[PDB]
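What follows is one structure encoded as structure tokens, with my remarks underneath.
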Amino acid sequence: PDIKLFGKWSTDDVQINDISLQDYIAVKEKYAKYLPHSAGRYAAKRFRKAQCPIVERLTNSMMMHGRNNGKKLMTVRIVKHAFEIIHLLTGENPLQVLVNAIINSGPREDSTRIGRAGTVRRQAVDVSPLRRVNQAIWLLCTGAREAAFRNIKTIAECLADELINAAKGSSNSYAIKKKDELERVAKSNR
Amino acid sequence: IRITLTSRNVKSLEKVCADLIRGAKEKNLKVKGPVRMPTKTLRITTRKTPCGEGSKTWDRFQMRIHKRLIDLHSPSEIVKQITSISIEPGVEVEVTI
Amino acid sequence: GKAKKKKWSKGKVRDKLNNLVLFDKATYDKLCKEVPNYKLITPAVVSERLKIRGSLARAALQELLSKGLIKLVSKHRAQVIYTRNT
Amino acid sequence: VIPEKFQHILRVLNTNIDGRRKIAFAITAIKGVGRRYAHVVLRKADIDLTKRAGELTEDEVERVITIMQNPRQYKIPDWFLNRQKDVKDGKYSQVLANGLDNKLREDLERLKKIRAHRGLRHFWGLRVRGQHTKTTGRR
Amino acid sequence: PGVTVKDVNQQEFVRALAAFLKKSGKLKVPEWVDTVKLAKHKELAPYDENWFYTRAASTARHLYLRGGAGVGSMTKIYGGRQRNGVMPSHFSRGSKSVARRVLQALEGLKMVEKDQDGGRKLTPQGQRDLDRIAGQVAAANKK
Amino acid sequence: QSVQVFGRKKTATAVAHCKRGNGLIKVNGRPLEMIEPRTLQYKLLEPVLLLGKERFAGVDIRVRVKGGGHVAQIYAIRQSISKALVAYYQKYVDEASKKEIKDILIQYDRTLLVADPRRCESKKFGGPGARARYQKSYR
Amino acid sequence: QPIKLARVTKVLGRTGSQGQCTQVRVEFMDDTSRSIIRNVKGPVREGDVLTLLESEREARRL
Amino acid sequence: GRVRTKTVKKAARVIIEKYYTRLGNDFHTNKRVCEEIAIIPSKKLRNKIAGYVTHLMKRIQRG
RNA sequence: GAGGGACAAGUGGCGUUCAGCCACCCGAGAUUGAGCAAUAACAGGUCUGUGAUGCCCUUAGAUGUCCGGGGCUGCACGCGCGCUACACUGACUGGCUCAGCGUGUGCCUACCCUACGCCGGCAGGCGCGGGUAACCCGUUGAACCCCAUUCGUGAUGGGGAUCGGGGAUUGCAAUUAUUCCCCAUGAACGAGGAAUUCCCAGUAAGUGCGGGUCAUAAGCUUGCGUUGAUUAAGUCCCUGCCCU
Ligand SMILES: [Mg+2]
Ligand SMILES: [Mg+2]
Ligand SMILES: [Mg+2]
Ligand SMILES: [Mg+2]
Ligand SMILES: [Mg+2]
Ligand SMILES: [Mg+2]
Ligand SMILES: [Mg+2]
Ligand SMILES: [Mg+2]
Ligand SMILES: [Mg+2]
Ligand SMILES: [Mg+2]
Ligand SMILES: [Mg+2]
Ligand SMILES: [Mg+2]
């Protein structure tokens, strides 16, 4: 009877401000689940991966590099601490800024090869929105990992700081650094 | 008093089981069921080759040991009367009183 | 014998930086002065920003917890989560 | 709450330099004292583990050095010490930092007179327990 | 009301029981465990000073769980991941000396009855003791 | 009144005996609030924190699990509760409400009524895993 | 320097040295039903709203 | 998936050539009719032949 | 154990009458993984598996066979398959909690699985019992994992190589190899250049267990379990293949 809630949350009125990423984030009421550790069997159909929630996708991309290859309970705990830190940082809801980070955490176009079997000019082409979600989650978790590598800060604290510095246009996070690294090369090879 | 029928293969197992139940239905004995045992398997892996040339290509040899147990409370004369069975040679019979 | 490696990446963060074992007089006084100014009392921020080790940071945070100035939200394995009211 | 005690780095046995992170892990810096022996000497001296090396009394330091120079008066049986029965004296004792290198020099000095191959492979550029020396012992 | 030890979380139960056994004074600790005893196959000693009462509380909880375990069975209950170094790790076992020590101490303090085929099992006096301790732990939890 | 519904996780089986009563869920003598990981104290309560409280107060189910992994046991308990409610609503309650609550469970999740047809594959005789091979050696 | 959006009507085929991009004749939402052909790499369906940084190009098919 | 073997299609054509009135447009009935009138040991081959028999029935019912 | 259940069957669309392809649902699955695997060849390996064998060589001081030592483990070096780390997602300590293949004795000829109790800190020893096995080990209370303390970016408590002393077990004999345990010694290693290997869902990887040699004996290999990714589901651009 109650609303579908993560912890003591609400999971409501999280509005995606734009188009081209709608119906791919599972923030809505029809795909609201209590934990990211769900039955993830989304690798059979080509287009059933988009129905996965982005918090579960963030946990799945967070668990990498052999020594932590697995441990969904540990990475769901890390994302729980990260959402708690983002909430305690002056409100500004962690699910809302997570959606904002998926929107504004990297590529809007990429450059790749064309055919013709001649000179590779690396023409700047369009990029799939699913591929934008994939590369955004990958850049966020990679930046959080190498920011929390060899320091006193934790994985959850650097992931929270990465999501905040990616939702806010401060140009101080590694996702925005590789956004610069991709879009300056894309404008140069445009 | 129990009787164990241990067979080499499943077809002779089911044939001797059907024959024994068919011979045990008509008598005045409370015949217990043919209690199924878990099938034993001896898996053996072999190099396939005397000298080591090529990929690590391995055999997989198996057996399927099948076993059934029944319980028949009876006097020893009736047990020795039931003991005479025209049987497939792939079936071994053990008795315990 | 000889020392050879295939990569060259030197110049780390700060040159074997020193860090205080026990709290000083003026350092702990500054901690008590500006500890309400921080909103998210986390031991990593208290250690890296205020020249504290992790053990002395956890000791000071447990001391202020026993004094009752900063409310604990949820303590866990290595993410100590403290918040000050107002 | 122990604000500050005027103690940074001690001096034990004229060669060793005590650290500043703990007391057992600073006695670990003494050669001949490693992982378990320092915590055992600390538990015999009855010192709380939260206290540092800079918060500890010099009389208690002398008590720790007394436990070092004679552990067998109270406790710590003969199995736990570094130097076991084969001494050429038959004495059950713990080696010191300056003493351990001297005992190793005496070991090698008598093995050179024995001319055993263990001492021979230690005198040459070989390994005693290095049963394969293709990759082991390069450069 | 009726309090079962499974109804209450264990990390309050053993943490209180390690102090209630200190209050009751139910421990034997002869000489070598007074001196020092290491772990399974390790390099260090346990940290929290009431580790004897902690082992005794874990032994009491496991004999409430399974009645008929022994020295080797409880040693396999404890168990261990023996990190060897360059050689990879395996599953080693704990020490049998504490495994017979805790059972002998609880038998001397009248909490372990021996099985005619196996080992330890529960007693009615220890049942009353653990049930009242679990009840007051549940009362401290609900209050 | 007495319907036992079974498991069917990958290597986990949870026998779930149902009973009419005053509100109880027994998991191996241990109640509903005790979950062996602390992280999953929202997923196992999905038949509880979504379907209401009068259903919990009306149906008593004891659950005994012979699983092999922790996550497998958690999903086995979840599937056993979510199918034992369906079996109790087949055997005692009318189909006009059983179909409604079944449509609610299906439109919420797929794994509440449908099991997972995923078992681990056999390790191959060429490589170290079920798909992988060892490293080659070229020149 | 406008940045417009466009939803996919049809999918022509796949193109590339790796076979990675997809030649998509998308459509124009903000204007009338006009036609440009775009190279999109990554998975795409019919109806995916696409971010366009330059609406001046036209890819060719073969 | 339905790129069936020539011996499978040939057996189904022999079935639809000899016995037509015994066959209907239901798979679960046509399989039992084909196993009453023919001998096929493999149950997957039974399902394959009976599926192509139903496909031929749906072709004959149209044209 | 028998039988069923799944066959692209039913719907819409594309396809030539066809052959077939894409999405839905009922279903557990819209098909998993292996074995066998054609004609003809390599002048591929094995005479060191065979009392399987042709030719040559030795047959009495033997190139036959036994017994006692050494050796294949020998290192100024380079290469391949592997294990462990280069830490904080972590290391240590304490508590909690889960399995599956498969193995086990008085043998067509010398041998285990160990439960319970006692002693010792430890590896271990002693007394006794069960199992020729769904009976007993064993409800394999497994590791990661779930909580609490300690460590605090320092070649540090990560890493345990090297080396010294000692204690137990199999074997007639371990020292120039057993193995294990206790203390101590604490190097290189700061995520690896040129180049290169494997992989599409219970998948790679993390982690543990069983079998083979076994007496002591796994870092190899075969199988089994726990947790379990990211992203493709397209191409012939590198390599190779099939048909004109
Ligand atoms: Mg690795
Ligand atoms: Mg190589
Ligand atoms: Mg002859
Ligand atoms: Mg050799
Ligand atoms: Mg050689
Ligand atoms: Mg090889
Ligand atoms: Mg270490
Ligand atoms: Mg060190
Ligand atoms: Mg590991
Ligand atoms: Mg053996
Ligand atoms: Mg072995
Ligand atoms: Mg080998």
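Identifiers in this document derive from the order of the structure tokens: chains are assigned A, B, ..., residues are numbered from 1 separately in each chain, and ligands are numbered from 1 in order of occurrence.
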
- Task: Within 12 Å of residue 9 in chain F, counting only C-alpha atoms (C1' of nucleotides), which residues show up once you throw out same-chain ones fewer than 4 positions away? Write them as a ChimeraX atom specification, please.
- Result: /A:39 /F:13-15,65-80,111-119 /I:202

Could the residues in this selection be written to a file with C-alpha atoms (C1' of nucleotides), as a PDB file, in the first residue's frame?
ATOM      1  CA  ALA A  39      17.657 -10.762 -10.069  1.00  0.00           C
TER       2      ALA A  39
ATOM      3  CA  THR F  13      15.692 -25.468  -1.432  1.00  0.00           C
ATOM      4  CA  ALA F  14      13.368 -23.855   1.126  1.00  0.00           C
ATOM      5  CA  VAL F  15      10.530 -26.043   2.410  1.00  0.00           C
ATOM      6  CA  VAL F  65      16.371 -24.177   3.924  1.00  0.00           C
ATOM      7  CA  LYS F  66      19.019 -26.663   2.766  1.00  0.00           C
ATOM      8  CA  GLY F  67      20.833 -24.175   0.547  1.00  0.00           C
ATOM      9  CA  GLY F  68      24.455 -23.893  -0.486  1.00  0.00           C
ATOM     10  CA  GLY F  69      25.054 -20.159  -0.728  1.00  0.00           C
ATOM     11  CA  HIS F  70      23.846 -17.135   1.205  1.00  0.00           C
ATOM     12  CA  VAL F  71      22.338 -15.233  -1.749  1.00  0.00           C
ATOM     13  CA  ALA F  72      20.818 -18.516  -2.958  1.00  0.00           C
ATOM     14  CA  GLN F  73      19.217 -19.021   0.473  1.00  0.00           C
ATOM     15  CA  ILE F  74      17.851 -15.449   0.478  1.00  0.00           C
ATOM     16  CA  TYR F  75      16.229 -15.840  -2.942  1.00  0.00           C
ATOM     17  CA  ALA F  76      15.030 -19.325  -1.952  1.00  0.00           C
ATOM     18  CA  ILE F  77      13.267 -17.896   1.121  1.00  0.00           C
ATOM     19  CA  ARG F  78      11.815 -15.099  -1.041  1.00  0.00           C
ATOM     20  CA  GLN F  79      10.556 -17.489  -3.738  1.00  0.00           C
ATOM     21  CA  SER F  80       9.252 -19.975  -1.149  1.00  0.00           C
ATOM     22  CA  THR F 111      10.963 -14.227 -10.003  1.00  0.00           C
ATOM     23  CA  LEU F 112       8.030 -14.460  -7.566  1.00  0.00           C
ATOM     24  CA  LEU F 113       6.286 -17.247  -9.516  1.00  0.00           C
ATOM     25  CA  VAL F 114       8.791 -18.264 -12.231  1.00  0.00           C
ATOM     26  CA  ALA F 115      12.025 -20.001 -11.246  1.00  0.00           C
ATOM     27  CA  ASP F 116      15.438 -19.397 -12.800  1.00  0.00           C
ATOM     28  CA  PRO F 117      16.582 -21.945 -15.432  1.00  0.00           C
ATOM     29  CA  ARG F 118      20.283 -21.241 -14.852  1.00  0.00           C
ATOM     30  CA  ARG F 119      22.738 -23.898 -13.674  1.00  0.00           C
TER      31      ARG F 119
ATOM     32  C1'   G I 202      25.465 -18.627 -14.109  1.00  0.00           C
TER      33        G I 202
END

Residues of chain C within 8 Å of chain D, only C-alpha atoms counted, as a PDB file with C-alpha atoms, in the first residue's frame:
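The resulting part23.pdb:
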ATOM      1  CA  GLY C   1      72.161  -6.661  -8.777  1.00  0.00           C
ATOM      2  CA  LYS C   2      71.138  -3.985 -11.255  1.00  0.00           C
ATOM      3  CA  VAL C  21      50.354  11.109  16.216  1.00  0.00           C
ATOM      4  CA  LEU C  22      48.639  12.805  19.165  1.00  0.00           C
ATOM      5  CA  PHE C  23      46.618  16.023  19.185  1.00  0.00           C
ATOM      6  CA  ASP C  24      48.539  19.154  20.159  1.00  0.00           C
ATOM      7  CA  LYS C  25      47.321  22.064  22.284  1.00  0.00           C
TER       8      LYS C  25
END

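For ligand 9, the neighbouring polymer residues at 12 Å or closer are residues 65, 66, 67, 68, 69 and 70 of chain A; 81, 83, 88 and 89 of chain E; 83, 84, 85, 90, 143, 144, 205, 206, 207 and 208 of chain I, only C-alpha atoms (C1' of nucleotides) and all ligand atoms being used.
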
Output the neighbourhood of ligand 4 as a PDB file with N, CA and C atoms (P, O5', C5', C4', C3', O3' and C1' of nucleotides), in the first residue's frame, that is, all protein and nucleic acid residues with some atom at most 10 Å from the ligand, counting only C-alpha atoms (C1' of nucleotides) and all ligand atoms.
ATOM      1  P     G I  71      73.032 -35.481  -6.028  1.00  0.00           P
ATOM      2  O5'   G I  71      72.748 -35.527  -7.594  1.00  0.00           O
ATOM      3  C5'   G I  71      73.553 -34.795  -8.508  1.00  0.00           C
ATOM      4  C4'   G I  71      73.329 -35.262  -9.923  1.00  0.00           C
ATOM      5  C3'   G I  71      71.912 -35.106 -10.448  1.00  0.00           C
ATOM      6  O3'   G I  71      71.670 -33.810 -10.952  1.00  0.00           O
ATOM      7  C1'   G I  71      72.692 -37.282 -10.920  1.00  0.00           C
ATOM      8  P     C I  72      70.657 -32.830 -10.194  1.00  0.00           P
ATOM      9  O5'   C I  72      69.428 -32.702 -11.199  1.00  0.00           O
ATOM     10  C5'   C I  72      69.630 -32.252 -12.531  1.00  0.00           C
ATOM     11  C4'   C I  72      69.051 -33.209 -13.542  1.00  0.00           C
ATOM     12  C3'   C I  72      67.537 -33.314 -13.577  1.00  0.00           C
ATOM     13  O3'   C I  72      66.935 -32.251 -14.297  1.00  0.00           O
ATOM     14  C1'   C I  72      68.496 -35.483 -13.644  1.00  0.00           C
ATOM     15  P     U I  73      65.883 -31.269 -13.580  1.00  0.00           P
ATOM     16  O5'   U I  73      66.710 -30.572 -12.407  1.00  0.00           O
ATOM     17  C5'   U I  73      66.460 -30.907 -11.045  1.00  0.00           C
ATOM     18  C4'   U I  73      66.731 -29.762 -10.105  1.00  0.00           C
ATOM     19  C3'   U I  73      68.191 -29.351  -9.971  1.00  0.00           C
ATOM     20  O3'   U I  73      68.277 -27.957  -9.680  1.00  0.00           O
ATOM     21  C1'   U I  73      67.403 -30.188  -7.893  1.00  0.00           C
TER      22        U I  73
END

- All residues 8 Å or closer to residue 35 in chain G, only C-alpha atoms (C1' of nucleotides), same chain fewer than 2 positions away omitted, as a ChimeraX atom specification: /G:25-28,33,37

- Identify, with DSSP run on backbone atoms, the residues in chain C assigned to strand (DSSP E), and express the list as a ChimeraX atom specification. /C:40-41,71-72,82-83

- Query: Do you know which residues are within 7 Å of ligand 2 using only C-alpha atoms (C1' of nucleotides) and all ligand atoms? Can you write them as number ranges by chain?
  - Reply: F: 136-137; I: 80

- Query: So, counting only C-alpha atoms (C1' of nucleotides), which residue among I:102, I:131, I:95, I:120 is closest to residue 61 in chain E?
  - Reply: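 When distances to residue 61 in chain E are compared using only C-alpha atoms (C1' of nucleotides), the smallest one comes from I:95.
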
- Spatial neighbours of residue 132 in chain I, max dist 12 Å, only C-alpha atoms (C1' of nucleotides), sep filter under 5 positions, as a PyMOL selection string: chain I and resi 104-107+112-113

- Task: Go through the chains and note each residue within 12 Å of ligand 12, using only C-alpha atoms (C1' of nucleotides) and all ligand atoms, then give the set as a PyMOL selection string.
- Result: (chain B and resi 47) or (chain I and resi 212-213+218-222)

- Task: Name each residue within 12 Å of ligand 6, counting only C-alpha atoms (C1' of nucleotides) and all ligand atoms, as an NGL selection string.
- Result: (:B and (52-56)) or (:F and (126-127 or 133-138)) or (:I and (80-82 or 220-221))

- Using only C-alpha atoms, which chain F residues lie at most 12 Å away from chain E, written as a list in words?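 Residues passing the distance filter: residues 24, 25, 26, 27, 28, 29, 30, 31, 32, 33, 34, 35, 36 and 38 of chain F.
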
Selected residues written out with C-alpha atoms, as a compact mmCIF listing (two decimals), in the first residue's frame:
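Okay, this is what ended up in result_31.txt:
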# COMPACT_ATOMS: atom_id res chain seq x y z
CA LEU F 24 4.79 -15.64 12.37
CA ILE F 25 7.53 -16.39 9.85
CA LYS F 26 9.96 -19.08 11.05
CA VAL F 27 13.29 -19.45 9.25
CA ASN F 28 15.07 -22.46 10.84
CA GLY F 29 13.84 -21.49 14.31
CA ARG F 30 14.93 -17.88 13.70
CA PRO F 31 12.40 -15.08 13.02
CA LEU F 32 11.76 -12.84 10.04
CA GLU F 33 13.82 -9.82 11.13
CA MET F 34 17.06 -11.84 11.35
CA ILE F 35 18.71 -12.00 7.92
CA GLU F 36 22.23 -13.45 7.58
CA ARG F 38 22.63 -7.07 6.97

- Quick one: residues within 12 Å of ligand 7, with only C-alpha atoms (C1' of nucleotides) and all ligand atoms, as an NGL selection string? (:D and (34-35)) or (:E and (42-44 or 83-85)) or (:I and (84-85 or 87 or 91-92 or 155-160 or 186))

- d(CA of residue 47 in chain E, CA of residue 36 in chain D) in Å: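 Computing it gives 12.6 Å between the two atoms.
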
- Contacts of residue 54 in chain C at 10 Å (only C-alpha atoms (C1' of nucleotides); same-chain gap of 4+ positions) as JSON, numbers by chain: {"A": [152], "C": [19, 21, 43, 44, 45, 46, 47, 48, 58, 59, 60], "I": [151, 152]}

Keeping only C-alpha atoms (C1' of nucleotides), take the residues you just selected and write them out as a PDB file, in the first residue's frame.
ATOM      1  CA  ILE A 152      42.390   7.992   3.279  1.00  0.00           C
TER       2      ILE A 152
ATOM      3  CA  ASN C  19      51.327  13.597  10.244  1.00  0.00           C
ATOM      4  CA  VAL C  21      50.354  11.109  16.216  1.00  0.00           C
ATOM      5  CA  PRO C  43      37.256  10.776   9.500  1.00  0.00           C
ATOM      6  CA  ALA C  44      38.865  10.987   6.050  1.00  0.00           C
ATOM      7  CA  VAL C  45      38.142  14.725   5.756  1.00  0.00           C
ATOM      8  CA  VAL C  46      39.198  15.280   9.389  1.00  0.00           C
ATOM      9  CA  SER C  47      42.423  13.347   8.748  1.00  0.00           C
ATOM     10  CA  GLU C  48      43.456  14.812   5.383  1.00  0.00           C
ATOM     11  CA  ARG C  58      38.653   8.186  15.158  1.00  0.00           C
ATOM     12  CA  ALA C  59      39.710   8.825  18.768  1.00  0.00           C
ATOM     13  CA  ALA C  60      38.690  12.497  18.566  1.00  0.00           C
TER      14      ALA C  60
ATOM     15  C1'   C I 151      45.836  -0.050  11.271  1.00  0.00           C
ATOM     16  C1'   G I 152      46.000   5.475   8.589  1.00  0.00           C
TER      17        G I 152
END

- Query: Do you know which residues are at most 9 Å from residue 52 in chain A counting only C-alpha atoms (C1' of nucleotides), after dropping those on the same chain fewer than 6 positions away, and could you put them as a list in words?
  - Reply: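 Those residues are residues 24, 25, 26, 31, 40 and 42 of chain A.
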
- Between CA of residue 166 in chain A and CA of residue 53 in chain G, what is the distance, to one decimal in Å?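 Atom-to-atom, CA of residue 166 in chain A to CA of residue 53 in chain G, that is 20.8 Å.
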
- Starting from chain I, keep only residues with some atom at most 10 Å from an atom of chain B, counting only C-alpha atoms (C1' of nucleotides), and report them as number ranges by chain. I: 1-2, 35, 44-46, 49, 102, 134, 211-212, 221-223
